[PDB]
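Here's query11.txt, which has compact mmCIF, N, CA and C atoms and all ligand atoms:
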# COMPACT_ATOMS: atom_id res chain seq x y z
N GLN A 1 20.18 1.80 -6.88
CA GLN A 1 19.14 2.60 -7.60
C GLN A 1 17.89 2.69 -6.70
N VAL A 2 16.87 3.39 -7.19
CA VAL A 2 15.59 3.47 -6.49
C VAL A 2 14.95 2.09 -6.42
N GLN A 3 14.57 1.68 -5.19
CA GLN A 3 13.93 0.39 -5.00
C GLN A 3 12.89 0.53 -3.89
N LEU A 4 11.78 -0.17 -4.07
CA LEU A 4 10.70 -0.22 -3.09
C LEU A 4 10.37 -1.69 -2.91
N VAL A 5 10.38 -2.17 -1.66
CA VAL A 5 10.14 -3.59 -1.39
C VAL A 5 9.06 -3.70 -0.31
N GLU A 6 7.87 -4.12 -0.72
CA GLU A 6 6.74 -4.31 0.20
C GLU A 6 6.84 -5.66 0.90
N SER A 7 6.42 -5.68 2.14
CA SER A 7 6.28 -6.91 2.89
C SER A 7 5.15 -6.84 3.90
N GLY A 8 4.78 -8.02 4.39
CA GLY A 8 3.79 -8.17 5.46
C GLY A 8 2.46 -8.73 5.02
N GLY A 9 2.22 -8.95 3.74
CA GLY A 9 0.94 -9.52 3.33
C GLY A 9 0.70 -10.88 3.95
N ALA A 10 -0.56 -11.16 4.22
CA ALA A 10 -0.92 -12.42 4.86
C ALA A 10 -2.39 -12.70 4.61
N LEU A 11 -2.78 -13.95 4.87
CA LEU A 11 -4.20 -14.32 5.02
C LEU A 11 -4.69 -13.91 6.40
N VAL A 12 -5.79 -13.16 6.45
CA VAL A 12 -6.35 -12.63 7.67
C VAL A 12 -7.83 -12.95 7.68
N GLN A 13 -8.37 -13.20 8.87
CA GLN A 13 -9.80 -13.40 9.00
C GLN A 13 -10.51 -12.05 8.92
N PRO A 14 -11.76 -12.03 8.48
CA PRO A 14 -12.51 -10.78 8.47
C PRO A 14 -12.54 -10.17 9.86
N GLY A 15 -12.37 -8.84 9.90
CA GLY A 15 -12.29 -8.07 11.11
C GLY A 15 -10.89 -7.94 11.67
N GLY A 16 -9.93 -8.66 11.11
CA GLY A 16 -8.57 -8.70 11.63
C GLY A 16 -7.74 -7.44 11.27
N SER A 17 -6.48 -7.47 11.70
CA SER A 17 -5.56 -6.37 11.55
C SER A 17 -4.26 -6.90 10.95
N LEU A 18 -3.48 -6.01 10.33
CA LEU A 18 -2.23 -6.32 9.67
C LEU A 18 -1.47 -5.03 9.50
N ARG A 19 -0.15 -5.10 9.51
CA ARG A 19 0.67 -3.95 9.15
C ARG A 19 1.57 -4.31 7.98
N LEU A 20 1.49 -3.54 6.91
CA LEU A 20 2.37 -3.70 5.78
C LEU A 20 3.54 -2.74 5.90
N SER A 21 4.67 -3.12 5.31
CA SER A 21 5.86 -2.30 5.25
C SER A 21 6.32 -2.12 3.81
N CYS A 22 6.93 -0.96 3.53
CA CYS A 22 7.57 -0.66 2.25
C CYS A 22 8.95 -0.10 2.57
N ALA A 23 9.98 -0.90 2.31
CA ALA A 23 11.36 -0.53 2.57
C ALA A 23 11.90 0.13 1.32
N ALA A 24 12.39 1.36 1.47
CA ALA A 24 12.93 2.11 0.36
C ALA A 24 14.45 2.07 0.36
N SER A 25 15.00 2.04 -0.84
CA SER A 25 16.42 2.18 -1.08
C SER A 25 16.61 3.21 -2.18
N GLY A 26 17.71 3.98 -2.08
CA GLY A 26 18.07 4.88 -3.15
C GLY A 26 17.59 6.30 -3.00
N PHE A 27 16.82 6.60 -1.96
CA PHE A 27 16.30 7.93 -1.68
C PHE A 27 15.79 7.90 -0.23
N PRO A 28 15.65 9.07 0.40
CA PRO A 28 15.13 9.13 1.79
C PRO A 28 13.64 9.33 1.82
N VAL A 29 12.96 8.49 2.61
CA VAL A 29 11.52 8.59 2.72
C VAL A 29 11.06 9.88 3.37
N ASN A 30 11.95 10.62 4.05
CA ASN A 30 11.50 11.86 4.65
C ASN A 30 11.73 13.07 3.77
N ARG A 31 12.03 12.87 2.49
CA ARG A 31 12.20 13.94 1.52
C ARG A 31 11.23 13.78 0.37
N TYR A 32 10.42 12.70 0.37
CA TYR A 32 9.48 12.45 -0.72
C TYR A 32 8.11 12.07 -0.20
N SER A 33 7.07 12.52 -0.90
CA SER A 33 5.74 12.03 -0.59
C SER A 33 5.65 10.57 -1.02
N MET A 34 5.00 9.75 -0.22
CA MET A 34 4.86 8.34 -0.54
C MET A 34 3.42 7.89 -0.41
N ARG A 35 3.02 6.96 -1.28
CA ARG A 35 1.66 6.56 -1.42
C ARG A 35 1.55 5.04 -1.40
N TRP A 36 0.42 4.54 -0.93
CA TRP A 36 0.03 3.17 -1.11
C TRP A 36 -1.09 3.07 -2.12
N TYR A 37 -1.01 2.04 -2.97
CA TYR A 37 -2.03 1.71 -3.97
C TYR A 37 -2.37 0.25 -3.83
N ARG A 38 -3.48 -0.16 -4.43
CA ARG A 38 -3.77 -1.59 -4.47
C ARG A 38 -4.41 -1.99 -5.79
N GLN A 39 -4.31 -3.28 -6.08
CA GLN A 39 -5.01 -3.93 -7.18
C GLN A 39 -5.88 -5.00 -6.53
N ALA A 40 -7.18 -4.76 -6.46
CA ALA A 40 -8.08 -5.59 -5.70
C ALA A 40 -8.61 -6.78 -6.47
N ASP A 41 -8.95 -7.82 -5.72
CA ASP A 41 -9.61 -8.99 -6.24
C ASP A 41 -11.10 -8.70 -6.41
N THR A 42 -11.51 -8.30 -7.60
CA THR A 42 -12.91 -7.96 -7.81
C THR A 42 -13.85 -9.13 -8.12
N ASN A 43 -13.37 -10.35 -8.35
CA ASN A 43 -14.24 -11.48 -8.64
C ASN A 43 -14.22 -12.58 -7.59
N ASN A 44 -13.81 -12.25 -6.36
CA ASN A 44 -13.97 -13.09 -5.17
C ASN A 44 -13.35 -14.48 -5.30
N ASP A 45 -12.19 -14.60 -5.96
CA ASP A 45 -11.57 -15.90 -6.13
C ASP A 45 -10.27 -16.03 -5.34
N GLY A 46 -9.88 -14.99 -4.60
CA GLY A 46 -8.69 -15.01 -3.76
C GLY A 46 -7.39 -14.76 -4.51
N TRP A 47 -7.45 -14.55 -5.82
CA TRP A 47 -6.32 -14.27 -6.67
C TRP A 47 -6.49 -12.87 -7.28
N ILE A 48 -5.37 -12.27 -7.64
CA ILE A 48 -5.37 -11.04 -8.42
C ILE A 48 -4.80 -11.41 -9.79
N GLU A 49 -5.62 -11.26 -10.82
CA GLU A 49 -5.32 -11.81 -12.13
C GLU A 49 -6.02 -11.01 -13.21
N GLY A 50 -5.51 -11.17 -14.45
CA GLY A 50 -6.23 -10.66 -15.60
C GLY A 50 -6.46 -9.16 -15.53
N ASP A 51 -7.72 -8.76 -15.76
CA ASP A 51 -8.05 -7.35 -15.77
C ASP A 51 -7.86 -6.71 -14.40
N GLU A 52 -7.82 -7.50 -13.32
CA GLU A 52 -7.53 -6.93 -12.01
C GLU A 52 -6.15 -6.30 -11.99
N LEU A 53 -5.22 -6.78 -12.82
CA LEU A 53 -3.89 -6.23 -12.90
C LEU A 53 -3.80 -4.96 -13.74
N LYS A 54 -4.92 -4.48 -14.29
CA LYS A 54 -4.92 -3.24 -15.05
C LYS A 54 -5.47 -2.07 -14.26
N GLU A 55 -5.75 -2.26 -12.99
CA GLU A 55 -6.31 -1.24 -12.11
C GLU A 55 -5.20 -0.51 -11.34
N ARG A 56 -5.56 0.65 -10.75
CA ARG A 56 -4.62 1.50 -10.02
C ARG A 56 -5.38 2.26 -8.92
N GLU A 57 -5.77 1.58 -7.84
CA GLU A 57 -6.59 2.19 -6.81
C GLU A 57 -5.72 2.83 -5.71
N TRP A 58 -5.79 4.15 -5.55
CA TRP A 58 -5.06 4.87 -4.53
C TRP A 58 -5.68 4.58 -3.16
N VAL A 59 -4.84 4.25 -2.18
CA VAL A 59 -5.29 3.87 -0.84
C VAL A 59 -4.99 4.96 0.17
N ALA A 60 -3.74 5.43 0.22
CA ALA A 60 -3.31 6.38 1.25
C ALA A 60 -2.03 7.08 0.83
N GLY A 61 -1.76 8.21 1.45
CA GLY A 61 -0.55 8.93 1.15
C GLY A 61 -0.11 9.79 2.30
N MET A 62 1.17 10.08 2.33
CA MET A 62 1.72 11.01 3.28
C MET A 62 2.75 11.92 2.63
N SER A 63 2.76 13.17 3.08
CA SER A 63 3.61 14.16 2.47
C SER A 63 5.06 14.01 2.91
N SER A 64 5.95 14.64 2.14
CA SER A 64 7.38 14.57 2.47
C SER A 64 7.66 15.02 3.91
N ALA A 65 7.02 16.09 4.39
CA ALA A 65 7.33 16.56 5.74
C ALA A 65 6.71 15.71 6.83
N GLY A 66 5.79 14.84 6.48
CA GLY A 66 5.16 13.96 7.44
C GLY A 66 3.95 14.53 8.14
N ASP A 67 3.50 15.72 7.75
CA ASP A 67 2.47 16.48 8.46
C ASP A 67 1.14 16.52 7.75
N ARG A 68 1.00 15.84 6.62
CA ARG A 68 -0.24 15.76 5.87
C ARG A 68 -0.42 14.32 5.41
N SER A 69 -1.52 13.70 5.76
CA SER A 69 -1.86 12.37 5.30
C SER A 69 -3.27 12.38 4.72
N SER A 70 -3.53 11.44 3.81
CA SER A 70 -4.83 11.33 3.17
C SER A 70 -5.15 9.86 2.91
N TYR A 71 -6.44 9.53 2.82
CA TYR A 71 -6.92 8.17 2.67
C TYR A 71 -8.08 8.14 1.70
N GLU A 72 -8.22 7.04 0.97
CA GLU A 72 -9.44 6.82 0.21
C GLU A 72 -10.59 6.58 1.18
N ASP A 73 -11.79 7.02 0.79
CA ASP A 73 -12.93 6.98 1.72
C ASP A 73 -13.16 5.60 2.31
N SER A 74 -12.97 4.56 1.51
CA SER A 74 -13.37 3.22 1.93
C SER A 74 -12.47 2.70 3.05
N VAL A 75 -11.31 3.32 3.29
CA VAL A 75 -10.41 2.86 4.34
C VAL A 75 -10.24 3.88 5.46
N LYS A 76 -10.86 5.06 5.37
CA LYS A 76 -10.69 6.06 6.40
C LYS A 76 -11.17 5.54 7.74
N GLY A 77 -10.37 5.81 8.76
CA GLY A 77 -10.62 5.33 10.09
C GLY A 77 -10.09 3.94 10.38
N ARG A 78 -9.93 3.10 9.37
CA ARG A 78 -9.48 1.71 9.48
C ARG A 78 -8.00 1.55 9.21
N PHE A 79 -7.43 2.37 8.34
CA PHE A 79 -6.03 2.29 7.95
C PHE A 79 -5.31 3.54 8.42
N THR A 80 -4.00 3.40 8.68
CA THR A 80 -3.16 4.52 9.11
C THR A 80 -1.79 4.38 8.44
N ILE A 81 -1.36 5.40 7.78
CA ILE A 81 -0.03 5.44 7.19
C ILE A 81 0.93 6.12 8.15
N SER A 82 2.15 5.61 8.21
CA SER A 82 3.22 6.18 9.01
C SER A 82 4.55 5.81 8.39
N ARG A 83 5.63 6.31 8.99
CA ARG A 83 6.96 5.92 8.49
C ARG A 83 7.98 5.96 9.60
N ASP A 84 9.05 5.22 9.39
CA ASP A 84 10.22 5.21 10.24
C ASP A 84 11.38 5.69 9.40
N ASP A 85 11.80 6.95 9.63
CA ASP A 85 12.82 7.53 8.78
C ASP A 85 14.14 6.78 8.94
N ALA A 86 14.49 6.35 10.17
CA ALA A 86 15.76 5.66 10.38
C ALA A 86 15.82 4.34 9.63
N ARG A 87 14.72 3.59 9.59
CA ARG A 87 14.62 2.35 8.84
C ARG A 87 14.31 2.60 7.37
N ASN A 88 14.13 3.86 6.97
CA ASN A 88 13.73 4.26 5.61
C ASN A 88 12.57 3.41 5.08
N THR A 89 11.51 3.31 5.91
CA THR A 89 10.40 2.39 5.67
C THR A 89 9.08 3.11 5.92
N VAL A 90 8.11 2.88 5.08
CA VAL A 90 6.77 3.38 5.22
C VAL A 90 5.87 2.21 5.59
N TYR A 91 4.86 2.48 6.41
CA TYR A 91 3.97 1.46 6.90
C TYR A 91 2.52 1.74 6.54
N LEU A 92 1.73 0.70 6.44
CA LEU A 92 0.28 0.82 6.32
C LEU A 92 -0.34 -0.08 7.37
N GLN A 93 -0.90 0.51 8.43
CA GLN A 93 -1.62 -0.24 9.43
C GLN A 93 -3.01 -0.45 8.94
N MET A 94 -3.50 -1.71 9.00
CA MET A 94 -4.86 -2.02 8.60
C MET A 94 -5.59 -2.60 9.81
N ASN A 95 -6.81 -2.14 10.00
CA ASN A 95 -7.71 -2.67 11.02
C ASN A 95 -9.07 -2.96 10.40
N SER A 96 -9.87 -3.79 11.07
CA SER A 96 -11.24 -4.09 10.68
C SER A 96 -11.30 -4.50 9.21
N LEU A 97 -10.40 -5.40 8.84
CA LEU A 97 -10.26 -5.79 7.44
C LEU A 97 -11.55 -6.46 6.92
N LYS A 98 -11.89 -6.16 5.67
CA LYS A 98 -13.08 -6.62 4.99
C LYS A 98 -12.69 -7.46 3.78
N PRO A 99 -13.58 -8.34 3.28
CA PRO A 99 -13.26 -9.05 2.03
C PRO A 99 -12.88 -8.15 0.89
N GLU A 100 -13.47 -6.97 0.77
CA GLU A 100 -13.18 -6.03 -0.30
C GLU A 100 -11.76 -5.49 -0.24
N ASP A 101 -11.04 -5.72 0.88
CA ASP A 101 -9.66 -5.29 0.99
C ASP A 101 -8.68 -6.31 0.43
N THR A 102 -9.12 -7.50 0.05
CA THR A 102 -8.25 -8.46 -0.59
C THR A 102 -7.68 -7.88 -1.87
N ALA A 103 -6.35 -7.86 -1.96
CA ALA A 103 -5.68 -7.09 -3.01
C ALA A 103 -4.20 -7.30 -2.90
N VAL A 104 -3.49 -6.95 -3.95
CA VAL A 104 -2.05 -6.76 -3.86
C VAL A 104 -1.82 -5.27 -3.58
N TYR A 105 -1.02 -4.98 -2.55
CA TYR A 105 -0.71 -3.62 -2.11
C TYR A 105 0.67 -3.23 -2.58
N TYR A 106 0.78 -1.99 -3.00
CA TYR A 106 1.99 -1.47 -3.64
C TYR A 106 2.33 -0.10 -3.08
N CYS A 107 3.59 0.14 -2.78
CA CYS A 107 3.97 1.51 -2.44
C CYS A 107 4.57 2.19 -3.66
N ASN A 108 4.52 3.51 -3.63
CA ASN A 108 4.77 4.38 -4.79
C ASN A 108 5.52 5.62 -4.37
N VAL A 109 6.50 6.02 -5.18
CA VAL A 109 7.19 7.29 -5.02
C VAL A 109 7.43 7.86 -6.41
N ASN A 110 7.56 9.19 -6.48
CA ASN A 110 7.95 9.85 -7.71
C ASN A 110 9.31 10.49 -7.48
N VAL A 111 10.35 9.85 -7.98
CA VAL A 111 11.72 10.35 -7.93
C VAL A 111 12.15 10.75 -9.35
N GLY A 112 11.44 11.68 -9.96
CA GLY A 112 11.72 12.00 -11.35
C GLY A 112 11.28 10.94 -12.34
N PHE A 113 10.60 9.90 -11.87
CA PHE A 113 9.84 8.95 -12.68
C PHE A 113 8.87 8.32 -11.67
N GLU A 114 7.76 7.76 -12.16
CA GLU A 114 6.77 7.17 -11.28
C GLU A 114 7.17 5.72 -11.06
N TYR A 115 7.36 5.34 -9.80
CA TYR A 115 7.83 4.03 -9.44
C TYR A 115 6.90 3.36 -8.45
N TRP A 116 6.66 2.07 -8.68
CA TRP A 116 5.89 1.20 -7.79
C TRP A 116 6.74 -0.04 -7.48
N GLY A 117 6.63 -0.56 -6.26
CA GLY A 117 7.27 -1.80 -5.87
C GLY A 117 6.64 -3.04 -6.48
N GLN A 118 7.08 -4.24 -6.03
CA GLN A 118 6.58 -5.45 -6.63
C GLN A 118 5.34 -5.94 -5.94
N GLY A 119 4.99 -5.40 -4.79
CA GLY A 119 3.69 -5.72 -4.21
C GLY A 119 3.70 -6.80 -3.15
N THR A 120 2.71 -6.75 -2.26
CA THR A 120 2.45 -7.79 -1.29
C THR A 120 0.95 -8.02 -1.17
N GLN A 121 0.53 -9.29 -1.11
CA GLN A 121 -0.89 -9.63 -1.16
C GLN A 121 -1.46 -9.79 0.22
N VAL A 122 -2.61 -9.16 0.46
CA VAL A 122 -3.42 -9.37 1.65
C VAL A 122 -4.69 -10.09 1.21
N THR A 123 -5.01 -11.20 1.87
CA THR A 123 -6.23 -11.95 1.57
C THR A 123 -7.09 -11.95 2.82
N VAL A 124 -8.33 -11.49 2.71
CA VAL A 124 -9.28 -11.43 3.82
C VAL A 124 -10.35 -12.45 3.52
N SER A 125 -10.30 -13.57 4.22
CA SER A 125 -11.21 -14.65 3.83
C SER A 125 -11.47 -15.57 5.00
N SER A 126 -12.58 -16.30 4.90
CA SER A 126 -12.82 -17.49 5.71
C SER A 126 -12.65 -18.72 4.81
TB TB B 1 -9.43 -12.38 -8.84

Produce C-alpha cells that represent the structure in this file.
Ligand SMILES: [Tb+3]
Amino acid sequence: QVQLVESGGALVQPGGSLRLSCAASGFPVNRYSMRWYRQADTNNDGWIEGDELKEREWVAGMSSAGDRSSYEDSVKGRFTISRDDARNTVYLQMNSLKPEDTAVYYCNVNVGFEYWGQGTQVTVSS
C-alpha cells in the first residue's frame, strides 16, 4: 500500500546541516507532487508534545515533474528539496539550522487521500 518512511533526524548544533529522507512505497515519486511539513517545538523543551502535535506547518514542496519547488519563507535559502527517482526517495537538505527548526518533520503525498509519514525529529540545541 502507500507508505512514507522518514529518516535522518538527529541532534545538531546551531548552524549545522542535516539531510532528511522520505522513502516512498506504493507509488512513484516522479508522478506525484511531494511536500515536507513539520510540527515544531514551540516551548523550547526539546520535545514535541501536546498542542504542538495539533499543528501543520508546510516547509517545502516539489512538483510531480520536478521543475517547480517552493519553500516557506523562514527556510528559503537554507533548505533544498530534491528527489532520487530510482530510490523512490525525496530529500530535505537543511543548512544553517536554528533552534526554531527543532521539530518532527513529515513528508506528504496526495494519492487520492492525504497521507503523511510517521515523522523524524530534528533537534537543534546546545
Ligand atoms: Tb515541546

Practice task
Can you pull out every residue within 9 Å of region 81-93 of chain A, counting only C-alpha atoms, but drop anything in the same chain fewer than 6 positions away, and send it as number ranges by chain?
Solution key: A: 17-25, 27-30, 34-36, 60-62, 66, 69-71, 107

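Between atom N of residue 80 (chain A) and CA of residue 8 (chain A) the separation is 14.3 Å.
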
Practice task
Return as a PyMOL selection string every polymer residue, whether protein, DNA or RNA, with at least one atom no more than 6 Å from an atom of ligand TB 1 (chain B); count only C-alpha atoms and all ligand atoms.
Solution key: chain A and resi 41-49

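Shortest separation to residue 106 (chain A) among A:26, A:58, A:38, A:32 occurs at residue A:38, atoms counted being only N, CA and C atoms.
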
Exercise for the section: Figure out the distance between CA of residue 104 (chain A) and CA of residue 74 (chain A), please, to one decimal in Å. Expected result: 16.2 Å

Using the atoms already present, construct N, CA, C and O atoms for region 105-126 of chain A and hand them back as a short mmCIF file (atom, residue, chain, number, x, y, z; two decimals), in the coordinates of the input.
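Below is the file that was written, out_10.cif:
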data_model
loop_
_atom_site.label_atom_id
_atom_site.label_comp_id
_atom_site.auth_asym_id
_atom_site.auth_seq_id
_atom_site.Cartn_x
_atom_site.Cartn_y
_atom_site.Cartn_z
N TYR A 105 -1.02 -4.98 -2.55
CA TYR A 105 -0.71 -3.62 -2.11
C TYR A 105 0.67 -3.23 -2.58
O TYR A 105 1.64 -4.01 -2.47
N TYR A 106 0.78 -1.99 -3.00
CA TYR A 106 1.99 -1.47 -3.64
C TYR A 106 2.33 -0.10 -3.08
O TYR A 106 1.44 0.74 -2.89
N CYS A 107 3.59 0.14 -2.78
CA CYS A 107 3.97 1.51 -2.44
C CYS A 107 4.57 2.19 -3.66
O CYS A 107 5.06 1.56 -4.60
N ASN A 108 4.52 3.51 -3.63
CA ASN A 108 4.77 4.38 -4.79
C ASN A 108 5.52 5.62 -4.37
O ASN A 108 5.23 6.18 -3.33
N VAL A 109 6.50 6.02 -5.18
CA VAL A 109 7.19 7.29 -5.02
C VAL A 109 7.43 7.86 -6.41
O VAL A 109 7.48 7.12 -7.41
N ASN A 110 7.56 9.19 -6.48
CA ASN A 110 7.95 9.85 -7.71
C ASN A 110 9.31 10.49 -7.48
O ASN A 110 9.40 11.52 -6.81
N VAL A 111 10.35 9.85 -7.98
CA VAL A 111 11.72 10.35 -7.93
C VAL A 111 12.15 10.75 -9.35
O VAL A 111 13.11 10.18 -9.88
N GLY A 112 11.44 11.68 -9.96
CA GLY A 112 11.72 12.00 -11.35
C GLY A 112 11.28 10.94 -12.34
O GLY A 112 11.60 11.05 -13.53
N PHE A 113 10.60 9.90 -11.87
CA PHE A 113 9.84 8.95 -12.68
C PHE A 113 8.87 8.32 -11.67
O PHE A 113 9.10 8.38 -10.47
N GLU A 114 7.76 7.76 -12.16
CA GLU A 114 6.77 7.17 -11.28
C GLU A 114 7.17 5.72 -11.06
O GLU A 114 7.31 4.96 -12.02
N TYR A 115 7.36 5.34 -9.80
CA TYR A 115 7.83 4.03 -9.44
C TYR A 115 6.90 3.36 -8.45
O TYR A 115 6.45 3.98 -7.49
N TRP A 116 6.66 2.07 -8.68
CA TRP A 116 5.89 1.20 -7.79
C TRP A 116 6.74 -0.04 -7.48
O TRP A 116 7.47 -0.53 -8.35
N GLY A 117 6.63 -0.56 -6.26
CA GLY A 117 7.27 -1.80 -5.87
C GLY A 117 6.64 -3.04 -6.48
O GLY A 117 5.75 -2.96 -7.33
N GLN A 118 7.08 -4.24 -6.03
CA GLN A 118 6.58 -5.45 -6.63
C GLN A 118 5.34 -5.94 -5.94
O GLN A 118 4.70 -6.85 -6.49
N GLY A 119 4.99 -5.40 -4.79
CA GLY A 119 3.69 -5.72 -4.21
C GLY A 119 3.70 -6.80 -3.15
O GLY A 119 4.59 -7.64 -3.09
N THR A 120 2.71 -6.75 -2.26
CA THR A 120 2.45 -7.79 -1.29
C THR A 120 0.95 -8.02 -1.17
O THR A 120 0.18 -7.06 -1.12
N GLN A 121 0.53 -9.29 -1.11
CA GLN A 121 -0.89 -9.63 -1.16
C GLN A 121 -1.46 -9.79 0.22
O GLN A 121 -0.90 -10.51 1.06
N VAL A 122 -2.61 -9.16 0.46
CA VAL A 122 -3.42 -9.37 1.65
C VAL A 122 -4.69 -10.09 1.21
O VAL A 122 -5.36 -9.63 0.28
N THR A 123 -5.01 -11.20 1.87
CA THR A 123 -6.23 -11.95 1.57
C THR A 123 -7.09 -11.95 2.82
O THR A 123 -6.63 -12.39 3.86
N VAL A 124 -8.33 -11.49 2.71
CA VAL A 124 -9.28 -11.43 3.82
C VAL A 124 -10.35 -12.45 3.52
O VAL A 124 -11.21 -12.22 2.66
N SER A 125 -10.30 -13.57 4.22
CA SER A 125 -11.21 -14.65 3.83
C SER A 125 -11.47 -15.57 5.00
O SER A 125 -10.70 -15.61 5.97
N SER A 126 -12.58 -16.30 4.90
CA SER A 126 -12.82 -17.49 5.71
C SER A 126 -12.65 -18.72 4.81
O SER A 126 -12.31 -19.80 5.28
#
